[PDB]
Amino acid sequence: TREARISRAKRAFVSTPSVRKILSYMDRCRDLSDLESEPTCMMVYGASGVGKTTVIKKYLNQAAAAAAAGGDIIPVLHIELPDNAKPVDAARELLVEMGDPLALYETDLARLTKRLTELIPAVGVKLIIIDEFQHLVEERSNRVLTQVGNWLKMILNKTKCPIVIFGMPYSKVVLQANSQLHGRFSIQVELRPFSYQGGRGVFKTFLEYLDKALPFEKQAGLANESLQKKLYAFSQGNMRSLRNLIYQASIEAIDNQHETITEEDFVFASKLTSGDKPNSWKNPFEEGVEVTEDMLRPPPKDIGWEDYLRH
Amino acid sequence: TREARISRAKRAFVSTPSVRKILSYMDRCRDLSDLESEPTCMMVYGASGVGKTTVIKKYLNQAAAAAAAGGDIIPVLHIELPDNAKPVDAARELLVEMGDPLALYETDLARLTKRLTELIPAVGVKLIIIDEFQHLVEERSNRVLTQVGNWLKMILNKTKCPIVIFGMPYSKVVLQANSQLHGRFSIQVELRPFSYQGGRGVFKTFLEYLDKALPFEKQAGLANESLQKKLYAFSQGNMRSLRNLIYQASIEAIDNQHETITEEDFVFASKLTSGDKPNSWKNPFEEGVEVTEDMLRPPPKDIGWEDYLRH
Amino acid sequence: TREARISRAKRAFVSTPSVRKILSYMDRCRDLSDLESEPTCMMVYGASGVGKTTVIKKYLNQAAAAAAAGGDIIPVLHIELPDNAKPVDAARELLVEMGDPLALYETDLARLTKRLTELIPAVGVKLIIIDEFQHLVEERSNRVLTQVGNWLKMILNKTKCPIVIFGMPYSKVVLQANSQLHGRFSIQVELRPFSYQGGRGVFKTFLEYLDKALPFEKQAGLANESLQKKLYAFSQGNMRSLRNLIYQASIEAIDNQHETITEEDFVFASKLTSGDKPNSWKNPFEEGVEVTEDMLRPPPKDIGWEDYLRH
DNA sequence: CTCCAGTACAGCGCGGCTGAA
DNA sequence: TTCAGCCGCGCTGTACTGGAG
Ligand SMILES: Nc1ncnc2c1ncn2[C@@H]1O[C@H](COP(=O)(O)OP(=O)(O)OP(=O)(O)O)[C@@H](O)[C@H]1O
Ligand SMILES: Nc1ncnc2c1ncn2[C@@H]1O[C@H](COP(=O)(O)OP(=O)(O)OP(=O)(O)O)[C@@H](O)[C@H]1O
Ligand SMILES: Nc1ncnc2c1ncn2[C@@H]1O[C@H](COP(=O)(O)OP(=O)(O)OP(=O)(O)O)[C@@H](O)[C@H]1O
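Residue numbers (the authors' numbering), protein chains in the order written: chain 2, 4 to 314; chain 1, 4 to 314; chain 7, 4 to 314.
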């Protein structure tokens with residue numbers, strides 16, 4: 004097996020120009036705030052499985068690894084809101100993640116607001132990264148509860164510290180709900196999936212560098228005329244479903260001692276990771292699926308909106 | 004009586020290729036997660052009485068018997084959600100099943116989420132098997148309450164541990180409810196009942212190996228021209244109703260000292276376990292039920308959907 | 004008076020072949036479950052006043068009298084659900100009936116589920132007999148609330164103990180409501196009333212053995228040409244209305260010192276217990292009610308359904 | 001004892017069915 | 001076909017109950 008080789012296939016990061024744009028703007032957002040005047044506050048959108056959590060994890064490592072190794076400083080944070088969050092819930096989650104208070108027994112919303120304003124300049128917080136902002140949309144109704152948003156404005160004005168709120172595209176309406184919170188978050192970037200297959204696009208060079216990064220020694224056959232077309236046909240732009248297929252195909256080619264990833268175990272990987280794919284979608288690998296013009300259209304505008312459009 | 008022989012007739016496991024497919028994928032799901040990166044997360048559908056709980060019990064024994072005998076390690080779990088589950092309810096059920104906390108007095112959903120994230124790497128959890136996923140569908144309305152699904156996504160991202168959620172086929176819409184939870188559960192397998200009678204199929208060899216496994220010494224007469232047609236006519240594919248009929252017929256042949264299972268006590272067993280069978284269905288054993296072409300059609304597509312279609 | 008003789012007239016049990024069928028199946032249901040594998044789980048239907056409660060009381064005495072006299076063991080139970088039962092209500096009723104916990108102050112549905120799963124193998128429960136299953140049908144609307152049914156499935160799978168749920172025939176739709184609970188209850192028997200008067204049927208020999216069992220010394224005159232026709236004409240099959248008439252007639256013949264039950268006090272007993280009988284029904288005892296062909300028809304199919312058909 | 005959340009009952013508004021013009 | 005009245009369903013407000021501070 005060699006679980007070292009398996010972990011190498013699973014942990015494969017390839018930097019796209021969109022990710023380098025987000026990382027450059029994140030470094031800019033941090034280094035601009037003097038923690039006296041109002042910070043910059045970016046909002047990053049992005050659909051279900053574009054690689055937002057990978058972007059935050061890549062930034063976390065490249066920013067706070069040596070500083071966290073130095074001592075209890077924790078310069079940048081990573082916060083994942085709970086579903087249907089109250090201000091007290093997201094406040095105490097921000098508290099128990101940041102350093103080591105108890106913080107989650109005494110829930111009174113005011114004294115723990117005083118605690119984390121006492122503690123944010125104490126440890127030396129430089130940035131707050133919130134991952135889930137679509138949790139502030141109520142599930143079955145379409146009201147967006149503005150208590151956490153107003154509390155985020157409150158904690159932003161009280162202690163001037165830049166906040167980079169991530170979320171799905173339909174979380175925009177939560178920023179539309181509060182006009183003051185809308186005005187604060189000026190910088191808005193859309194981390195949207197891969198666009199076209201025509202070739203010599205960002206998708207080809209991405210698969211070229213991922214072909215390089217794969218733990219096979221000789222070639223993996225990606226980013227050619229035939230296989231790129233089949234690959235985009237399987238996974239439209241969704242980075243997770245593409246990486247899942249590539250991961251299952253790699254560990255399949257590792258299991259039965261092979262040269263590389265071939266059109267032997269790729270078909271098996273396609274039939275394995277095609278459960279989540281929609282009703283009308285066709286698997287382009289099986290017996291005789293001539294990959295069509297209609298399969299390779301760019302992803303829509305409302306790609307991450309559909310759950311909001313379902314009600 | 005010899006309750007040893009009765010327990011032998013009751014505890015009879017025959018491995019079908021569909022069950023071996025599920026077990027191979029379950030072993031694969033476990034041995035792929037390094038518990039740093041995102042796990043694989045299979046979803047196994049299956050109708051009312053296909054042998055899902057038998058699959059989980061067979062896997063539990065063949066995985067965790069010697070490791071549980073070694074000490075308090077509990078590598079794999081078995082969770083059965085309560086009906087109309089809240090995240091706190093399914094969270095504390097996951098807690099009180101896993102090891103020995105108290106965990107079911109202090110219900111605050113946040114500190115017991117912290118407790119089970121503290122405790123999951125502590126004991127060394129390798130896999131979580133959830134049995135009931137159709138409970139998240141509300142009974143009389145058709146809304147699917149997405150609090151437990153969003154909490155399952157939360158606990159999946161917080162502590163990277165593979166979850167194999169079992170459920171009835173109409174629990175698919177609960178996975179369709181959350182687009183992120185849909186994306187996560189890529190591997191989907193359908194454990195569907197037995198297909199055809201025409202003979203030399205999986206049903207014949209299944210009854211051949213179950214004929215072997217029965218505690219009678221000489222023959223039980225199963226998987227021949229006549230009796231296989233009558234057996235499929237009684238129980239379409241439903242593994243439980245077939246096994247119940249075979250069980251009641253076996254213990255009937257054990258009661259009055261007999262050679263084997265014959266067409267003496269099988270008729271009695273048919274009239275015994277025909278209460279649950281639908282209105283238009285005919286018992287093929289009684290006096291003169293010429294077994295027809297129309298009785299031996301394969302089971303439908305929406306076999307485990309009917310309760311969802313009833314409202 | 005001699006209240007000994009009065010109690011002898013009131014407490015008269017005559018075993019029919021349908022009752023002996025139910026008792027043989029109950030003994031079978033108990034002695035088959037090894038409390039490791041899935042139990043047998045019979046469902047027994049029956050109209051208003053067929054003698055279900057008498058069957059459970061007869062079984063309770065003949066099973067658990069000496070074992071309850073030995074010590075706190077309580078092998079078999081007797082549960083009567085409350086009307087519009089919640090799982091917590093029927094759960095704590097099951098708890099406070101079984102042994103001696105407190106169990107009915109702390110209502111949280113999860114920890115008392117843990118309590119009775121802790122306690123069922125502790126005392127040594129071999130069988131659970133639930134008497135009222137038609138309470139899960141809502142009164143004025145026709146929805147059947149499936150929380151107690153899903154909890155019964157939960158407690159059946161958690162602690163493998165055979166459950167014999169009794170109820171009225173229109174409670175079948177509650178078993179039709181849950182396809183998993185339908186599957187589980189394979190053995191379904193219909194304890195339906197007495198059928199015909201033509202003579203030399205089960206009704207004649209039943210009145211013959213009840214004539215024997217009555218506390219009069221010489222004869223009671225039952226199960227002859229004339230009186231059997233008048234008896235069926237009064238009470239179609241309803242065991243309770245028949246036994247009530249016989250009871251009132253007996254204690255009338257005991258009051259004024261008489262030879263036996265004659266056509267003197269039987270007429271008075273008929274006019275006494277004819278309040279519940281329907282509008283078009285005629286009392287066949289009064290002055291000149293020539294007992295007709297149209298009176299002596301067998302009871303209908305939907306005998307215990309009428310309250311469901313009323314809405 | 002007070003505040004927040006969930007459940008049940010009552011009132012108001014909207015949609016569907018029935019009766020009248 | 002349109003308007004009005006009655007019934008059913010959904011939303012809102014109100015009171016009662018349970019949990020939490
Ligand atoms: N640049 C990249 N190169 C290779 N793989 C990548 C890259 N970016 C993301 N991935 C992979 O894409 C997958 C998506 O995971 P990730 O959680 O980051 O997506 P996400 O959008 O945050 O998901 P969600 O919206 O559900 O939180 C991961 O398996 C990750 O390894
Ligand atoms: N491979 C097998 N060989 C023999 N008997 C089997 C096999 N698989 C399942 N059974 C039998 O099928 C019956 C169904 O049990 P099980 O509870 O596993 O089904 P299920 O589909 O999980 O039911 P439910 O979905 O209601 O929980 C059991 O009596 C079991 O012994
Ligand atoms: N075999 C029998 N011989 C004589 N009397 C009988 C017999 N079976 C039942 N009875 C009498 O029939 C009457 C019916 O009472 P019982 O409560 O058993 O009926 P039931 O169907 O349970 O009523 P319910 O459905 O309302 O609970 C009792 O008075 C009982 O003594």
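Using N, Cα and C, we set each Cβ at its ideal position, and we do this for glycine too.
If you measure from the beta carbon of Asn153 (chain 7) to each beta carbon in chain 1, is any gap under 8 Å? yes
If you draw a straight line from the alpha carbon of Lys207 (chain 2) to that of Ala226 (chain 2), how long is it in whole angstroms? 5 Å
Inter-residue spacing [alpha-carbon to alpha-carbon] between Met101 (chain 7) and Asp37 (chain 7): 20 Å
Taking DSSP as the reference, what is the three-state secondary structure of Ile158 (chain 7)? helix
Does the CB of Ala50 (chain 7) have a neighbour CB from chain 1 at under 8 Å? no
So who's on the other strand from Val167 (chain 1), going by DSSP bridges? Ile132 (chain 1)
Short check: CB of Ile82 (chain 1) to CB of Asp134 (chain 1), under 8 Å? yes
Verify whether the separation of the beta carbon atoms of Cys32 (chain 1) and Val205 (chain 1) is less than 8 Å. no
Within 10 angstroms of its Cβ, does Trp154 (chain 1) collect 16 or more other Cβ (buried), or is it exposed? buried
Residues in its own chain within less than 6 Å of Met298 (chain 2) by CB, not counting five upstream and five downstream? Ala236
Proximal residues of chain 7, C-beta to C-beta of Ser18 (chain 1) below 7 Å: Those do not exist, as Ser18 (chain 1) stays about 18 Å from chain 7 at its closest Cβ, beyond 7 Å.
Report the rounded CA-to-CA distance for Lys61 (chain 2) versus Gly54 (chain 2), giving the unit in angstroms. 10 Å
Does the Cβ of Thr208 (chain 7) lie closer than 7 Å to at least one heavy atom of ligand 3? no
Look up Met29 (chain 1) in the DSSP assignment and say whether it is helix, strand or coil. helix
Looking at the unbroken beta strand (DSSP E) that takes in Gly49 (chain 1), where does it start and where does it end? 45-49
Proximity below 8 Å, CB of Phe136 (chain 7) to CB of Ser182 (chain 7): no
Strictly under 8 Å for the Cβ-Cβ distance: is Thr276 (chain 1) near chain 7 by that measure? yes
Please confirm whether any heavy atom of ligand 2 lies closer than 7 Å to the CB of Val17 (chain 1). yes
Check this for me: beta carbons of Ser229 (chain 7) and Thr276 (chain 7), under 8 Å apart or not? no
N-terminal and C-terminal residue of the alpha helix (DSSP H) that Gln179 (chain 1) is part of: 175-180
Using CA atoms only, rank isn't needed, just tell me which of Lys304 (chain 1), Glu142 (chain 1), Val79 (chain 1), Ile131 (chain 1) is closest to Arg313 (chain 1). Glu142 (chain 1)
Verify the contact flag: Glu100 (chain 7), CB atom, against every heavy atom of ligand 1, threshold strictly below 7 Å. no
Which whole-angstrom value is the C-beta distance of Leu98 (chain 1) and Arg118 (chain 1), which I expect to be below 8 Å? 6 Å
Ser238 (chain 1) classed as buried or exposed, judged by whether at least 16 other C-beta atoms fall within 10 angstroms: buried
When the distance is taken between beta carbons, is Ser273 (chain 2) closer than 8 Å to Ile264 (chain 2)? no
8 Å Cβ cutoff, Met157 (chain 7) in contact with chain 1: yes
Would you tell me roughly how many angstroms separate the C-alpha atoms of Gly152 (chain 1) and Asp279 (chain 2), rounded to the nearest one? 15 Å
Kindly indicate which three-state DSSP category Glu296 (chain 1) falls into: helix, strand or coil? coil
Since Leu105 (chain 2) sits in a beta bridge, which residues does DSSP pair it with? Beta-bridge pairing links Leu105 (chain 2) to no other residue.
Any residues in the segment 284-301 of chain 1 with a beta carbon nearer than 8 Å to a beta carbon of chain 2? Which ones, in chain order? none
To the nearest angstrom, report how far apart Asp34 (chain 1) and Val17 (chain 1) are at their CA atoms. 25 Å
Taking 7 Å as the cut-off, does the CB of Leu213 (chain 7) come closer than this to any heavy atom belonging to ligand 3? yes
Do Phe288 (chain 2) and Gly240 (chain 2) come within 8 Å of each other at the CB atom, strictly closer than that value? no
Please confirm whether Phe188 (chain 7) has its beta-carbon closer than 8 Å to some beta-carbon of chain 1. yes
When DSSP labels each residue in this structure, what does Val79 (chain 1) get in the three-state scheme? strand
In this structure, what does DSSP give as the bridge partners for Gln191 (chain 7)? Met46 (chain 7)
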